[PDB]
Each structure stands twice: as C-alpha cells, then as structure tokens.
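A.B. asks: test case, fold it:
(chains A, B, C, D and E, ligands or ions: 5)
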Amino acid sequence: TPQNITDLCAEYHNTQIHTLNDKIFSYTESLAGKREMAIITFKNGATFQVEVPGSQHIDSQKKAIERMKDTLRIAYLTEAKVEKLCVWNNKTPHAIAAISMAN
Amino acid sequence: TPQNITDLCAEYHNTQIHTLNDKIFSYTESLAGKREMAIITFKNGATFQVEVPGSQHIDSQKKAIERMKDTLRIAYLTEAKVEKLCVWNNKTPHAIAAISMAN
Amino acid sequence: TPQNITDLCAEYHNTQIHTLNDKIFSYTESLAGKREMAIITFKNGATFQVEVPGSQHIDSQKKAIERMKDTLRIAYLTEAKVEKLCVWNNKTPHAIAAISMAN
Amino acid sequence: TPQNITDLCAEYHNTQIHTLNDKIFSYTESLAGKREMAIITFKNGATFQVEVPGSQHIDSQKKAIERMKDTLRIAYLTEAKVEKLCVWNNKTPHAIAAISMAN
Amino acid sequence: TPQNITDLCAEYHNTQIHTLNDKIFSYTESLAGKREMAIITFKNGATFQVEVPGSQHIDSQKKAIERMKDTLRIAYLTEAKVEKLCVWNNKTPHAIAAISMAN
Ligand SMILES: O=[N+]([O-])c1cccc(O[C@H]2O[C@H](CO)[C@H](O)[C@H](O)[C@H]2O)c1
Ligand SMILES: O=[N+]([O-])c1cccc(O[C@H]2O[C@H](CO)[C@H](O)[C@H](O)[C@H]2O)c1
Ligand SMILES: O=[N+]([O-])c1cccc(O[C@H]2O[C@H](CO)[C@H](O)[C@H](O)[C@H]2O)c1
Ligand SMILES: O=[N+]([O-])c1cccc(O[C@H]2O[C@H](CO)[C@H](O)[C@H](O)[C@H]2O)c1
Ligand SMILES: O=[N+]([O-])c1cccc(O[C@H]2O[C@H](CO)[C@H](O)[C@H](O)[C@H]2O)c1
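C.D. replies: Numbering: from 1, shown residues only, chains lettered A, B, ... in the order given. Ligands and ions are numbered 1, 2, ... in the order given. Here you go, the structure:
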C-alpha cells in the first residue's frame, strides 16, 4: 500500500506527477450530454480534467469520481493549495487520478 | 475533449456563453412536482435555470444535474464570482449547460 | 417556466408566499420513524416544515426533498438571509415547496 | 404533525429532551464493524450517540441517520449552539432522535 | 456500547489509539482503480489511510468508509484539531477505524 501520491501514481502505466503547489486558478463543470465532466486550471496554464464516467472506469471508481469532483470544487472555492496531481498522460487534457493537498 | 468552457459550449447547438464575472445575486430552489429546479439571477441582470430532468436528458446527465444545483447553491452562499455560463438559449430562462469560476 | 419563486408558487393550488427577508431563527431535524423531517422557525414565530416524504409526493420529488433539507441547514448555519418561501398552506406547519435567498 | 422538537419527542416511547443550549465539545466517528456510529459530548459531560443503523430502524430512517451525523459534524465544526436533543433513553449512551439548534 | 473512542478501539484486536491533538498536515485522495482511498499525514510524519473497501469489510462499513473520507477532508480544510485516531496497526499505513475531535 502506497504511503503517498507519488508512490501511488507509479503503480500505473502512463501516469505522471505534476507538482503545482498552488491554489486552483479556475474551475469549470458541465452537465452537458457526454460532457458531464470537470476541468481545472492553474495560473501557469496547466489544465486537467476529471473524465466523464465511462467504460474505462471500473465500478469501484464511479463513486471516487464523484468524490474527486466534490474535492476539486471545494478546494477551488476555498483556494486550498494543491500540492500534487497524479494524472493519466494518454488523455487531453490529462485526466486526474489522484490529488494531494498540503499547507 | 475541450479544455475550457468556450470550446465545450461550442460543441453544442443552440448554446452560447454568458460572461458574468460576478457573484450570484439570488438563488431559488423548488421541490414542487415537475418543478424540481434551481434558479439564479445576477444583480440587475439575467435569470438562469438548471432544467428539470426531462426526456431531453440522457441518463448520464442526472447526477451532473444534481451536482450543478449544489454548485450554484454554494457559489451563491460563498459569493464566489462566476466567470462564464454556457447555456442553451432555446429555453427560457436560458438553461445552464456549464459554469466556469475564476477570480 | 417560472423565472421567480412567486410565479412558480402560483402554478400550484393551496400555496402562498411568505416574505421573511431574515435569517432562520431555529433549525430542527428528526430521524425518528415516520418523523424524518426538518422544522425551521423565524424570529417572528413563523414555523415551516419540510414534509416527511410520502404518497402525496412523486418520485422526482424525493431527491428534491433531501436537497431542501441540505439547503435549510446550511442557510441556517451561515445565517443566510431567506427572502421568501413558497409553501403549501393546507399543512401545519406550512410545508415548504420552494425557497429564495437574496442578500 | 408536531411543530417543535419537544412535541415531536413526546410522540414516542422511551424518549426525553435534554436541553443543552451549548456548542458540542467533542465529535467522534467510527467506521469499525458493527460500531459504525458517532458520539458527541458537551462540556458538562453529557454523552449522546447516533446508533449504528440497524434492524430497529425503518428504511425511511436510514437516510435520516446519515443526515444526522452530517449535521452533528458541521455543527461541531461551526460551534453552532445545540438547543435541545430528543433522545431514546432505553439506550446507553442515549441515542439521538432529533436535534434543534438556536441562539 | 462504548461512550468514547478509546473504549471503542479496545473492542478490537490489532488496534491502537494515536493521540495527535493537531490539525491534519496533508490530505491525499485517489480515484485510481484498486486505489480508491484517502491518505493523511501529520507534521510529525505520521501517516494514515482510509482503506479501499475490501473483502475485510462488511457491507455496513462501506457507508462509514465514505463518510470517514468526507470527515477527513472537511477537517483538513477547516484545520480542525484531530484529538485521537483509532487505527488497526496491522496495516501500513495504519488504517483508520475511528476519529475524534475536541478542542
Ligand atoms: O446534451 N446533448 O448532448 C444534446 C444533444 C442534442 C440536443 C440537445 O438539446 C436538447 O437537450 C438539452 C439537454 O441535453 C436541452 O434540454 C436543450 O434545450 C434540448 O433541446 C442536447
Ligand atoms: O407538487 N405537485 O406537483 C403537486 C400536485 C398536486 C397537489 C400537490 O399538493 C400535495 O402534495 C404536496 C407535496 O407535493 C403537499 O404535500 C401538499 O400539502 C399536498 O396537498 C402537489
Ligand atoms: O422510530 N420509531 O418509529 C420507533 C418506533 C418504536 C420504537 C422505537 O425505538 C426503537 O428504535 C429506535 C430507532 O428507531 C431506537 O433504536 C430505540 O432505542 C428502539 O427502542 C422507534
Ligand atoms: O471491523 N471489524 O469488525 C473487524 C473484525 C475483525 C477483524 C477486523 O480487522 C480486519 O478488517 C479491518 C477492516 O474492518 C482492517 O482491514 C484490519 O486491518 C483487518 O484485519 C475488523
Ligand atoms: O484505474 N485503473 O485501475 C486503471 C487500470 C488500467 C488502465 C487504466 O487507464 C484507463 O482508465 C483510466 C480511468 O481509470 C483512464 O481513463 C486512462 O486514461 C485509461 O487508459 C486505469
């Protein structure tokens, strides 16, 4: 069992860590058909999404997806600092796998 | 996969972006039958709605619809400035498809 | 589609708007069997309830009932000003159908 | 239908109102098997629980129990003043049936 | 029925109370498959996790597992002081069984 985001990220193919250590610059969410997703960006231009739930996701993940979005929304609204993000490299924008926050 | 609300909005017919850059002025929610919805207005400005889950909606959208109303509620409470709204303009008041927030 | 709580309220029988323009004075919720409800009051003594889900309700109203209780709790805890309440006046306390909040 | 926690509490057997008029001193939560409950205490030493969801709860009560825990947690965090608690006295600690917050 | 986290913890094998009396230093959440979990740290380097729901858990725990993660997130954001953590000490990182907050 990983003890941190970096180690966890490393257990998957085409994932990479992005160290941001900054609050989220912008938060966007959509209910539009086939575009029920969330996108976040940081003042430096970095952009990430929380993918539309799909077949690429297993059942156990669906609830975690909803949670990530609750997390991103609140982190944004509170300006919580985002330390790191684990993301899949094979999606544009890069899809969020995990997030770490620290003061 | 779009990287911002504008591009996302451009992916649908009958849509448009409303640039607000202002916090929500009022929030109204109804549990009344066939009128389960949320309605927001902007100071001296427009009124927007999150449509009642109708036949027009695909199953994937339901949760996103619930999420959008929660988002509108908290942005209102917290007085978070809304950047832009992507709405369907073949509906009245215009119906919210997506929302971006940035300071 | 109604653009405000007043117009929405008038779309049903046995309803009426109560203008409060004030914060919720007290918030009460119960988990007791057959009394899973919330009751709020205002400084002026006005008392309102969020009815226990029942046969008078249609399925699409179930989630809305839960959302309204979430709304009242946070509104209460943040002392959000409640503008108006559309209620059904054929129940005691008057049963909330909708709520509007404005600064 | 009752109009306050006191009247609501009286509709059931083995219950009693505790008048606290104080913020919560401690909040405890457990995910341990057969002990998925929550415990709160007030500076005067009073201790109350939200029972593990069980056979003694009708279905309609299930969501309400979860709601009650959310309430206590946010009430704790906001130092919200708890006016009264309606509890079942045939349990130790006494089990929360309802809660009223004011002043 | 236990009246505090310590007595509760003592009801199980392989558990222990960690007394922190401190805010959570970092919060990490993952939606990655088979790694849908949360991990927190304290400035003293202490690491804990909320386990991925697994075979070791009974159904009654799934709900408490989600709420626990909800709890860890709001506490971190509010910088609320965590009093104690009841954990199973036969896992690395130590798995959270319960949490208490006071002061
Ligand atoms: O979202 N889509 O994929 C999609 C595809 C095709 C049409 C379409 O518009 C229709 O449905 C939306 C909600 O989806 C709104 O209610 C519109 O006002 C309605 O006319 C939407
Ligand atoms: O919401 N509707 O579509 C609708 C249609 C017809 C009647 C109606 O009122 C009835 O149900 C509501 C709860 O819905 C309240 O319990 C009222 O006190 C009850 O009289 C509501
Ligand atoms: O809620 N009710 O409708 C209801 C009806 C009859 C008895 C009753 O009490 C029983 O169940 C509650 C939870 O409901 C607590 O566990 C009590 O300690 C137990 O005695 C509750
Ligand atoms: O919670 N219980 O009732 C219970 C009963 C018996 C054993 C037990 O511990 C086992 O499961 C938990 C999750 O429950 C943790 O994963 C422990 O590390 C694992 O060994 C837990
Ligand atoms: O999460 N996993 O356990 C897991 C296992 C194997 C592949 C895998 O990646 C695939 O699915 C994820 C969503 O999970 C993303 O959509 C990736 O971009 C896609 O390639 C993910």
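A.B. asks: what packs against the helix or strand where residue A:62 lies?
C.D. replies: Per DSSP states H and E: residue A:62 is located in helix A:59-78. Secondary-structure packing of helix A:59-78 (3 or more Cβ pairs under 8 Å, 6 or more residues apart in numbering or on different chains; DSSP states H and E): strand A:26-30, strand A:38-41, strand A:47-50, strand A:94-102, helix B:61-78, strand E:26-30, helix E:59-78. The C-beta positions use only the backbone N, C-alpha and C, and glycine is treated the same way.
A.B. asks: can you redo these as a markdown table with mean neighbour count?
C.D. replies: Compiled in a markdown table, those are given as follows (neighbours: other Cβ atoms under 10 Å in any protein chain shown):
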| stretch | mean neighbour count |
| --- | --- |
| strand A:26-30 | 24 |
| strand A:38-41 | 24 |
| strand A:47-50 | 22 |
| strand A:94-102 | 24 |
| helix B:61-78 | 20 |
| strand E:26-30 | 24 |
| helix E:59-78 | 19 |
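A.B. asks: wait, which of these is closest to ligand 2?
C.D. replies: helix B:61-78 (17.6 Å; Cβ to the nearest ligand atom).
A.B. asks: tilt between that closest one and strand B:26-30?
C.D. replies: Helix B:61-78 and strand B:26-30 are oriented at 140 degrees to each other (axes from the mean of the first three to the mean of the last three Cα atoms, to 10 degrees).
A.B. asks: with just CA atoms, put helix B:61-78 into CSV.
C.D. replies: What follows is helix B:61-78, C-alpha atoms only, in CSV (Å, rounded to 0.1, in the frame of the first residue of the first chain):
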residue,chain,number,x,y,z
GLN,B,61,-26.8,13.8,-17.0
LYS,B,62,-28.9,13.2,-13.9
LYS,B,63,-26.2,13.2,-11.4
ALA,B,64,-24.5,16.1,-13.2
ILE,B,65,-27.8,18.0,-12.9
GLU,B,66,-27.8,17.4,-9.1
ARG,B,67,-24.2,18.5,-9.0
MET,B,68,-24.9,21.7,-10.9
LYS,B,69,-27.6,22.8,-8.4
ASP,B,70,-25.3,22.1,-5.5
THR,B,71,-22.6,24.1,-7.2
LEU,B,72,-24.9,27.0,-7.8
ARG,B,73,-26.0,26.9,-4.2
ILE,B,74,-22.6,27.0,-2.7
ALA,B,75,-21.2,29.6,-5.1
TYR,B,76,-24.2,31.7,-4.1
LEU,B,77,-23.6,31.2,-0.4
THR,B,78,-19.9,31.8,-0.6
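A.B. asks: and the next helix or strand past it?
C.D. replies: Next along from helix B:61-78, by DSSP H and E: strand B:81-88.
A.B. asks: that following strand pairs with which strands, and in what direction?
C.D. replies: Using DSSP bridges, the strands paired with strand B:81-88 in its sheet are strand B:15-23 (antiparallel), strand B:94-102 (antiparallel).
A.B. asks: dump those into JSON lines; add distance to residue E:64 as well.
C.D. replies: Formatted as JSON lines, the strands paired with strand B:81-88 follow (distance: least, Cβ to Cβ, whole Å):
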{"stretch": "strand B:15-23", "distance to residue E:64": "36"}
{"stretch": "strand B:94-102", "distance to residue E:64": "32"}
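A.B. asks: for ligand 1, find the nearest of those.
C.D. replies: strand B:94-102 (5.8 Å).
A.B. asks: about what we covered before: out of the helices and strands packed on helix A:59-78, flag the one nearest ligand 5.
C.D. replies: strand A:94-102 (5.2 Å).
A.B. asks: any part of the closest one near ligand 5?
C.D. replies: Yes. Strand A:94-102 lies within reach of ligand 5 by Cβ under 6 Å from any ligand atom, at residue A:95.
A.B. asks: also stretch A:15-33?
C.D. replies: No. Applying Cβ under 6 Å from any ligand atom, one finds stretch A:15-33 separated from ligand 5 by no less than 8.4 Å.
A.B. asks: and that stretch, which residues are buried?
C.D. replies: Within stretch A:15-33, the residues scored as buried using 16 or more other Cβ atoms under 10 Å in any protein chain shown are A:15, A:17, A:20, A:23-33.
A.B. asks: and it, how far apart are its ends?
C.D. replies: Using Cα to Cα, to the nearest Å, one end of stretch A:15-33 lies 27 Å from the other.
A.B. asks: same thing with stretch A:14-33?
C.D. replies: 28 Å.
A.B. asks: show me how far it is from its chain's centre.
C.D. replies: The chain centroid and the centroid of stretch A:14-33 are separated by 5 Å under Cα atoms, centre = their mean, to the nearest Å.
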